[PDB]
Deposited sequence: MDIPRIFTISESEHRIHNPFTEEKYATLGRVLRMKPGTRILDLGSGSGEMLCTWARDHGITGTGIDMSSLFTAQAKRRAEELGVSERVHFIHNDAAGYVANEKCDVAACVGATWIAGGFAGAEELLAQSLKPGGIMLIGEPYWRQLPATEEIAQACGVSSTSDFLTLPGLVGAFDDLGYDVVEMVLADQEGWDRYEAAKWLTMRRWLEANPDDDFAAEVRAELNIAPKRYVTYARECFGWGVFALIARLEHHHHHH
């Protein structure tokens, strides 16, 4: 159950695998008002940009658990490049099978793909009244019918939760949402459009590869499928939750 060729082929140039932009991650760490030293656990650190960049701006400590590459010296050298490899640590580990030395103040997991979600680990290693950063997808605009949804590339509307229904889901789970950074059309266009050019280059790079057909097909509808439905429907964003905990009374 690997990753579909198309996805990987049409995202090999992306520096961010979701609608978020540099300005967005930058803002995130800002609104979080984290004091220097705040330890952070980041599952799915990937490039390690978030942790690295925050480490230099808000001056914090942290550790990323990447599950997308054999060696993660691409991020380890990233912290060195920013002169902060003494604060941010990285480990080639895949989610489960992990226990932190000491709890942290911010546990993040934006999720690999913007479509997927992933938390015991996130909660087991988070200090009481800690912030839990989670990137989740939602319906920016609830499609009028399954028809439009199925077109966007989704079984039923019931697959995604609407924004108000998403904040309603966190509350019913005992979670107290205290922050929210949502992506915008611009963020999305950058993410979705960047693919169209990447595929068109791939074709000019491997014309003899019998897969050019699947790319050609994808390209021929990619921009159409996006502007016609997805653009207005698909929504994404990162929520900062803080679980309601009962105390000694």
Mind pulling out the bits of the deposited sequence that never got modelled, as residue ranges from 1?
119 to 122, 254 to 256
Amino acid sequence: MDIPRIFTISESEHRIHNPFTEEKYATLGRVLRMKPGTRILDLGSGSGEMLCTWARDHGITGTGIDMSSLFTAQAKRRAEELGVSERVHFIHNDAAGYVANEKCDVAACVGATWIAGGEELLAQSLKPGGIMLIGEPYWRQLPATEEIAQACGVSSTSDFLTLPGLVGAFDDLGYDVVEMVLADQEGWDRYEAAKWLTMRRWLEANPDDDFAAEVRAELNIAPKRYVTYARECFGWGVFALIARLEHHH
From here on, numbers count along this sequence of modelled residues.
Which is higher on average in the deposited entry, the C-alpha temperature factors of 182 to 190 or of 203 to 211?
203 to 211
Average Cα temperature factor in the PDB entry - higher stretch of 161 to 169, 81 to 89
81 to 89
Per the entry, which of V177, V110, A116, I131 tops the list for Cα B factor?
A116
Scanning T61, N220, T27, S68 for peak Cα temperature factor in the entry gives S68
How does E136 rank on Cα B-factor within its chain, lowest, middle or highest third?
lowest
